[PDB]
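Chemist:
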Amino acid sequence: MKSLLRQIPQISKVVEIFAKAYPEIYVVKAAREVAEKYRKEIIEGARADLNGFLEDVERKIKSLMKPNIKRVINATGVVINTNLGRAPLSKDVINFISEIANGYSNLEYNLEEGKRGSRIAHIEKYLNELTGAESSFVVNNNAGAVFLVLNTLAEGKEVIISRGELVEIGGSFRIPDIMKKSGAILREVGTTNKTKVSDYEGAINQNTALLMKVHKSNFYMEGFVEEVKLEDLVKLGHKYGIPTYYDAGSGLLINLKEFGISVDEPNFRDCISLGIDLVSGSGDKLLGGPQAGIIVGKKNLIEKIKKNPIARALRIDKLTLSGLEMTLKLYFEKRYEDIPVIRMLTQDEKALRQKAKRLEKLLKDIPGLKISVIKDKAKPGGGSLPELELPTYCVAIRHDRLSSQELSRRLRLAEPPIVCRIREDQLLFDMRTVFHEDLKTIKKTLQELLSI
RNA sequence: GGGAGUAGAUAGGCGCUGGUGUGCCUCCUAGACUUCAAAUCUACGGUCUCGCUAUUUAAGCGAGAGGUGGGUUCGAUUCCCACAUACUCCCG
RNA sequence: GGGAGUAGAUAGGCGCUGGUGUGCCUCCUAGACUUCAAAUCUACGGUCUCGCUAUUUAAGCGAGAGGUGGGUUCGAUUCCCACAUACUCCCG
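Per UniProt numbering, the very first residue in the first sequence carries number 1; after that it's consecutive.
(1) Could you give the DSSP three-state label for residue 269: helix, strand or coil?
(2) Could you tell me how far apart the beta carbons of residue 433 and residue 77 are, in whole angstroms, since I believe they sit closer than 8 Å?
(3) Taking the CB atoms as reference points, tell me whether residue 141 and residue 282 lie closer together than 8 Å.
(4) What distance in whole Å lies between the Cβ atoms of residue 223 and residue 192, which are believed to be in contact at a cut-off of 8 Å?
(5) Please work out which residues of its chain come closer than 8 Å, Cβ to Cβ, to residue 242, disregarding the five sequence neighbours upstream and downstream, and give them in chain order.
(6) For residue 329 and residue 290, I'd like the C-alpha separation in whole angstroms.
(7) Please report how far the alpha carbon of residue 417 lies from the alpha carbon of residue 371, in whole angstroms.
(8) Check whether the Cβ atoms of residue 311 and residue 305 sit closer than 8 Å, and answer yes or no.
(9) Which one or two residues does DSSP pair with residue 116 in a beta bridge?
(10) On a Cα-Cα basis, can you pick out the residue from 171, 180, 167 that is closest to residue 213?
(11) If residue 182 and residue 295 are in contact, beta carbons under 8 Å, what's the gap, nearest whole angstrom?
(12) Using a threshold of 8 Å, state whether the C-beta atoms of residue 430 and residue 421 are closer than that.
(13) Just verifying my parser: in three-state terms, what is the DSSP assignment at residue 256?
(14) Contact between the segment 251 to 264 and the segment 61 to 76 is defined here as three or more beta-carbon pairs at a separation below 8 Å; is this criterion met?
(15) Please say whether residue 100 and residue 322 have beta carbons closer to each other than 8 Å?
(16) Our contact map puts residue 87 next to residue 341 with C-beta atoms below 8 Å; I'd like the distance itself, whole angstroms only.
(17) How is the alpha helix (DSSP H) around residue 122 delimited, first residue to last?
(18) Helix, strand or coil: how does DSSP classify residue 15 here?
(19) Considering just the uninterrupted stretch of the alpha helix (DSSP H) at residue 361, what are its terminal residues?
(20) Scan the segment 359 to 447 and note each continuous alpha helix (DSSP H) run of 4 residues or more that stays entirely inside, going in chain order.
(21) Answer with buried or exposed for residue 114, where buried requires no fewer than 16 other C-beta atoms within 10 angstroms of its C-beta.
(22) From the DSSP output, which residues share a beta bridge with residue 74?
(23) Here's a check: name, in chain order, each residue in its chain whose Cβ is nearer than 8 Å to the Cβ of residue 386, leaving out the five neighbours to either side.
(24) Start and end of the alpha helix (DSSP H) containing residue 278?
(25) Note down the Cα distance separating residue 52 from residue 412, rounded to an integer number of angstroms.
(26) Confirm, please, whether the CB-CB distance from residue 439 to residue 359 is below 8 Å.
(27) Taking Cβ to Cβ, would you say residue 393 is nearer than 8 Å to residue 335?
(28) When the Cα of residue 57 is compared with those of 83, 81, 48, 24, which residue comes out closest?
(29) At what residues does the beta strand (DSSP E) containing residue 248 begin and finish?
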């Protein structure tokens, strides 16, 4: 027992084995981790050999020297992929962020008056113009955007909402569970599938401080189903003197039909010009910018929200703020194609095949590869457009040696890693989400796994 | 004087390491080598000590200590704790 | 790959039954009968593995396997459960 462990060398001795091989710091860390795995494996009597030690210690070093979060090549064809980090950023934005983070900036400083200033002041100019709302505000994310409006205007008082709009988006967010913690009392009207206007108007009373509607972003209902029109709820509010609050969620900044895609998804400008008092949404969904809770509406309300002592715990960071301004700057200049998420969904059907076969031309040489391009209909929107179904070209592949399952697995372990769909033992690569500079990296990773 | 930080050798200065210590530089001594010097290289080397044989001394041989003590642990130079000391910083 | 639906013999295909399994069809065979055929009819029949008796062989017989195990029960081929395996459909 006590000889199968004395064996394990000394950390000073393996540090030497890797003089300039690897940084001394990373070597000792790998030696300790490895030194402990052999002390316990020999104590339980499951190891008789120690030759695996030297080879392993170097593997920990090779592993411990790489950050965990890593860029990932998305081949699934889902633009708003909740799991892969939603809306990706254009180089233009990322450099504007790079520069403001490089050194000091006038984040909370107004250069004119030479005294402290509100950091939320830089942006709001853009929002008010783009939406048409009276005033605006921005916080960490939309989850908090909701929580803030409720605790600001309905703490202790009733909020009416349709029983079909109490959603569970994400793993931890649930309108009913957060609104609870929001301090607002929840008044659910109508039924799951159907909800008329009479349901809303019927539950109003002395405590009703808010009429709230949530947009079913991550799901939808078909069959016998009724919903309350937006113009109707504005009318109902202005009748009793109650505010209207729409949680768009998708955070669509513009009309979407303007780009060829025909859908009813709501957007700020239009929802604002409808008579709604407040509107919110995430910046990293249909806006295509960094994570951000966006609120626009009546000035008297925005000012009530801002003054809330909880807004300081949600106030946005220096990175997303800047990055959001450049994203908004692009919107004013109509540079639509510059923002990843808008370009990916409004891409020419022709455009997609053009990239579908430019990849197939790069994989015909690789050994054992069965390459075919198929025209499939998928659902692009992951966290904002549930029903949408648009055509896109998938380059379906298949190797004689390895199986589709094992294939996805190694591809997610590659550097860079690639995540893709699987359908009937045929790995699939949706080109709707693939950047050009990835095509070269796709071919170089597949040739390293099948010819190695 | 009161706190706190940095700390520690078993030739000497610095740095490291849960594997019974070790690497860099220096000193010393020794060896190798070198026309001379230098350079270079090497050392289960060195301190203290104690104990053993002889015992005037010489001479040969064996063992332990890491400021001190304790603890964890298969194993502590490494880690914890307590006290001491050195250097430094703040206060009366 | 994950779910789910269909499932299973003790000659072989289909159907049934809490009564120690059974009906239709086939196979194999066998027997009966008819001037001849043809037809028809009939069968406490049948596998495996092991074991047993006789033991040259025959020949006869016993056990269990109804995928495997378990349970309920007076009795399980039936019912349930678990695992595994075969056919099909939904999802990643």
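Positions of the beta carbon are idealized from the N, C-alpha and C atoms, including for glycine.
Modeler: On the basis of the supplied data:
(1) Helix, per DSSP.
(2) At roughly 5 Å, the Cβ-Cβ gap stays under 8 Å, so residue 433 and residue 77 are in contact.
(3) In contact: residue 141 and residue 282 (Cβ atoms closer than 8 Å).
(4) Not really, about 11 Å apart at Cβ, beyond 8 Å.
(5) Excluding its 5 nearest sequence neighbours in each direction, residue 242 has C-beta neighbours in its own chain below 8 Å: 204, 208, 209, 210, 211, 236, listed in chain order.
(6) Looking at the two C-alpha atoms, the distance is approximately 14 Å.
(7) Looking at the two C-alpha atoms, the distance is approximately 20 Å.
(8) Taking 8 Å as the Cβ cut-off, residue 311 and residue 305 qualify as a contacting pair.
(9) According to DSSP, residue 116 bridges with 109.
(10) Nearest C-alpha to residue 213: 167.
(11) Distance from residue 182 to residue 295 at the Cβ level is roughly 15 Å; contact not present, criterion being Cβ atoms closer than 8 Å.
(12) With respect to the 8 Å criterion, residue 430 and residue 421 are classified as neighbours on the basis of their beta carbons.
(13) Residue 256: coil per DSSP, three-state reduction.
(14) Touching, no.
(15) In this structure, residue 100 lies closer than 8 Å to residue 322 by Cβ.
(16) Distance from residue 87 to residue 341 at the Cβ level is roughly 5 Å; contact confirmed, criterion being Cβ atoms closer than 8 Å.
(17) 121 to 131 is the span of the alpha helix (DSSP H), which, as asked, contains residue 122.
(18) Three-state result, residue 15: helix.
(19) Counting along the chain, the unbroken alpha helix (DSSP H) around residue 361 starts and ends at 349 to 363.
(20) Look at the segment 359 to 447 and you find these whole runs of alpha helix (DSSP H), each 4 residues long or longer: 404 to 411.
(21) By the 10 Å Cβ count, residue 114 comes out exposed.
(22) Looking at the DSSP output, residue 74 shares a beta bridge with 419.
(23) Excluding residues within five positions, the ones whose Cβ falls inside 8 Å are 216, 217, 218, 219, 220, 379.
(24) Per DSSP, residue 278 belongs to no alpha helix (DSSP H); it is in the beta strand (DSSP E), 278 to 282.
(25) Their Cα atoms are separated by approximately 26 Å.
(26) Result yes, Cβ atoms of residue 359 and residue 439 sit closer than 8 Å.
(27) Remark: C-beta atoms of residue 393 and residue 335 do not approach each other more closely than 8 Å.
(28) For the set 83, 81, 48, 24, the Cα lying nearest the Cα of residue 57 is the one of 24.
(29) From DSSP, the beta strand (DSSP E) with residue 248 extends over 244 to 249.
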